[PDB]
Amino acid sequence: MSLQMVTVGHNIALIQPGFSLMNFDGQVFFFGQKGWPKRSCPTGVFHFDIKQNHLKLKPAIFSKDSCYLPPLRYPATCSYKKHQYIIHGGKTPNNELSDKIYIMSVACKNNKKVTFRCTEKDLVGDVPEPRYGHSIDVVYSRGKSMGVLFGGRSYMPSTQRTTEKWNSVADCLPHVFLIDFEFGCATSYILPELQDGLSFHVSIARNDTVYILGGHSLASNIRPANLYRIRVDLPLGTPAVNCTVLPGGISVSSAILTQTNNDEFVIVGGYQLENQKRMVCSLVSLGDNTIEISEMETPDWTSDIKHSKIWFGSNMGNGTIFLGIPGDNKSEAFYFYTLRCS
DNA sequence: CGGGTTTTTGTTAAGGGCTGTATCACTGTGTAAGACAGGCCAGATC
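Rules and cut-offs
- Residues numbered from 1 in each chain as written, not as in the entry; some residues may be left out.
- Chains lettered and ligands numbered in written order.
- Part of a larger assembly, values for the part shown.
- Heavy atoms only, no water.
- Residues with missing side-chain atoms left out of burial classes, pairs and counts.
- Helix = DSSP H or I, 4+ residues; strand = E, 2+ residues; numbered from the N terminus.
- Rg over C-alpha atoms; globule rule 2.2 N^0.38 Å.
- Salt bridge = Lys/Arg side-chain N within 4 Å of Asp/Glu carboxyl O.
- Buried < 20%, exposed > 50% of the residue type's maximum accessible area, 1.4 Å probe, protein only.
- Polar contact = N/O pair within 3.5 Å; in protein donor to acceptor, adjacent residues only side chain to side chain.
- Contact = heavy atoms within 4.5 Å.
- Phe/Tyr/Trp six-rings, centres within 6.5 Å; stacked < 30°, edge-to-face > 60°.
- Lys NZ or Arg CZ within 6 Å of the ring centre and 35° of its normal.
- Pairing = 2+ DSSP bridges.

Its PDB record attributes the structure to cryo-EM, giving the resolution as 3.17 Å.

The secondary structure content of chain A amounts to one helix and 31 strands. In terms of overall size, chain A behaves like a compact globule, its C-alpha atoms giving a radius of gyration of 20 Å where 342 residues would be expected to give roughly 20 Å. C-alpha atoms of chain A, sized along the principal axes, occupy 55 × 50 × 50 Å.

Under the defined criterion, the tally for this structure stands at five salt bridges. Of the charged contacts, one joins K100 and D99 as a salt bridge, the two residues approaching to 3.0 Å between their closest N and O atoms. A residue is classified by how much of its surface remains accessible, and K100, at 36% relative accessible area, is partly exposed. You can call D99 partly exposed: its relative accessible area is 41%. In this structure, the salt-bridge partner of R153 is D171, at a minimum N-O distance of 3.2 Å. One end of the pair, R153, is in strand β17 (residues 153-155); the other, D171, is in strand β18 (residues 169-171), with 18 residues separating them in the sequence. The class for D171 is buried, based on a relative accessible area of 18%.

This next bit is on the side chain of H134. Positionally, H134 belongs in the loop between β14 (124-125) and β15 (135-140). Residue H134 is classed as buried on the basis of its relative accessible area, which comes to 7%. Within the structure, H134 has its side chain in polar contact with the side chain of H88 (distance 3.4 Å). With sequence-adjacent residues up to four places away left out, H134 is seen in contact with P75, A76, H88, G89, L149, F150, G151, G152 and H201.

The final tally for this structure, using the stated rule, is 21 aromatic pairs. Here the aromatic rings of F48 and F322 are separated by 4.9 Å at their centres, their planes lie at 80 degrees, and the arrangement is edge-to-face. Each member of the pair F48 and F322 is classed as buried. Judged by centre distance (6.0 Å) and plane angle (75 degrees), the rings of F62 and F116 are edge-to-face. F116 carries the same exposure label as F62, and that label is buried. Put simply, the rings of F19, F30, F46, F48, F312, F322, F334 and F336 pair up and form one aromatic cluster. In this structure, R161 is placed above the aromatic ring of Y155, and the distance from its NZ or CZ to the ring centre is 4.3 Å.

Read across the open sheet, the five strands follow the order β14-β20-β19-β16-β15; overall the sheet is mixed. On the outer flanks of this sheet lie β14 and β15, each paired with one strand and no other. Of the pairings in the sheet, the one linking strand β19 (residues 176-180) to strand β20 (residues 185-189) comprises five bridges and is antiparallel in character. Looking at β20, one finds that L178 is bridged to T187.

Shown next as structure tokens:
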């Protein structure tokens, strides 16, 4: 609700649109910098902390058994519960979409010195093609976990890809993929309630249901206001997945999800039209099976945002939301704000 | 096949004048950040 200016230290150039902040025990960690990692930090994972409205990026190291994951510009982050995250897909600095899947965690911690353990996972079966801008969630059904991947964009197939349109992209199939983190197996489910490739959407996870919000469709160049429900079930045989469309959706892409209190989320940022930008917020309340998308009072935006053309941010995790806008080039290429909701 | 006769070229005894080429001393394009090793203060500490 309250906006605030935050100054960045010397390595401000390492922040680019598409970064991914990750939180481990009330500690936000930066990831997804610009270019390949230099000798200042061979790993590329920073300590995103703010003291008295001032940003200082500190480096971090990995354990003696990690895997030096490359920087990714549009992965699909996801929490998991010891506590650990999952990274899948994204654009490498060489403009190559990665097909692997990553698992970050903490190995040793003392005196604010965190040592990570990056473990690569081998996925077999109905594996998804390399994507970017998609989402993945975890559902809990009958004492079991399962990853729910959906959406995303990718290049043309290896046969239909020509060098004259080498950078052309298209939406992926509306299939739903369940990923078992223990065995490392995927499974492709096609559903009759999904006919449009969706990307840059918002996903809300619960015990057994995930809620898809907004997005964009390249096949139509439209911002549909959709509200989907996917209640994954985990019986003793084969997991049965169902879908359901719900009224009262939001038309937005590239929004920022957060969590103020339990069982209620807040949406901020995004884009209504191509040249139009979403300035209002949105409150999302949850229950046992019901959903409610309401409206709250818009924050006091400054003259910088109201006339900017693009912005990018991510959930800090503890109610706050990081945000950045471009600027002059010569100078400071980007200004950065923080927004708290509590 | 030759004499006799013709046509169309060479030709330097020396100067005037137009045209082409070597010569001279220089020029512009190489033009922003990253790695690293030493020094020094705040600080956990046995």
